[PDB]
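This report concerns only the one structure given below.
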Amino acid sequence: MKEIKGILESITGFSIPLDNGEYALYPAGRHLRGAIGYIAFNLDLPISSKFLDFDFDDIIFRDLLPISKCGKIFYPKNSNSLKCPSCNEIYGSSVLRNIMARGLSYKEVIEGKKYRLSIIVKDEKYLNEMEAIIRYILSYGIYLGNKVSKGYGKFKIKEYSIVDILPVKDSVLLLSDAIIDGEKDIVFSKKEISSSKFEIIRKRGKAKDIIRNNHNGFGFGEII
RNA sequence: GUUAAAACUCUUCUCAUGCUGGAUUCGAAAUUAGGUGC
């Protein structure tokens, strides 16, 4: 049970359009999965062959919450923002920046900031599978958010560290959105290359918050 | 294999107008068409 800890810098800005008009303040781990899925698809790996399944544990992509100036990690309930325990920074809406292109109205979060990579492999076969794509993305670049082909959302890894997992026991604070059948609306997709099938898979669950026993886990539902 | 994928912030618009390198200062200072032969 190892990890892939990483500081990723946005070279180009990124955009993820949640419902009713809201945009993601940070890139989610579902996008870090999806992009690595395309990457493995073109790298001919068994990770690629498995990425169709959502319940695929082993390799789990926690969301990419941002790093503060104090070398630590921002934490989010009822607070559409991010705060850190050093209490130095509030990362929020101000980072959105509305872009009016030709006929296109959308918003993105600006670049120049740093985000976490944390892929908790449990079996070492998929650790080697993950090492190869980490040594790929270090070479070229990963594309998170919409408009990947236009160039939006390039992240360069500055630090590829193969760290080790010490599990957690609590009954804890959700870093992302659990899927318990609570009240948070969580929407995502299952775009299927070599089937020409796209489906928007919608779910409900818990917001990003207070949470209590087994907790055999914890990339929508993450907690620490 | 990312609420994916697709869509260029594009078109139109001359750093242009006004203002003279002008003003001061003499090519002059020195030197016998001289020497020879009714």
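Naming works like this for the structure tokens: A, B, ... for the chains as they're shown, residue 1 at the start of each chain, ligands 1 onward in shown order.
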
**OP:** Taking only C-alpha atoms (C1' of nucleotides) into account, report as a PyMOL selection string which residues of chain A lie within 8 Å of chain B.
**Re:** chain A and resi 17-18+30-41+48+51-52+100-104+144-146+187-189+191-193+198+200

Subject >> Between CA of residue 23 in chain A and CA of residue 109 in chain A, distance in Å (one decimal) >> reply: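 Interatomic distance here is 8.3 Å.
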
Original post:
Could you pull out all residues of range 58-194 of chain A with a DSSP call of strand (DSSP E) and give them as a PyMOL selection string?
Top reply: chain A and resi 81-83+90-92+96-100+105-109+114-117+142-143+154-157+184-189

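Across A:148, A:180, A:24, A:163, the tightest approach to residue 117 in chain A is made by A:163 when counting only C-alpha atoms.
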
Original post:
Where does DSSP see alpha helix (DSSP H) in range 52-163 of chain A, if you list the residues as a list in words?
Top reply: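 Selecting the alpha helix (DSSP H) positions of range 52-163 of chain A gives residues 124, 125, 126, 127, 128, 129, 130, 131, 132, 133, 134, 135, 136 and 137 of chain A.
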
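Between CA of residue 202 in chain A and CA of residue 61 in chain A the interatomic distance comes to 18.8 Å.
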
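Rounded to one decimal, CA of residue 97 in chain A and CA of residue 22 in chain A lie 12.1 Å from each other.
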
Subject >> Shell around residue 215 in chain A at 12 Å using only C-alpha atoms (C1' of nucleotides), local window under 2 positions removed, as number ranges by chain >> reply: A: 167-174, 178, 211-213, 217-218, 221-224

Subject >> Closest of A:123, A:131, A:19, A:159 to residue 6 in chain A - atom-to-atom distances counting only C-alpha atoms >> reply: A:159

Original post:
Taking into account only C-alpha atoms, which residue in the set A:121, A:47, A:75, A:154 is nearest to residue 140 in chain A?
Top reply: A:154
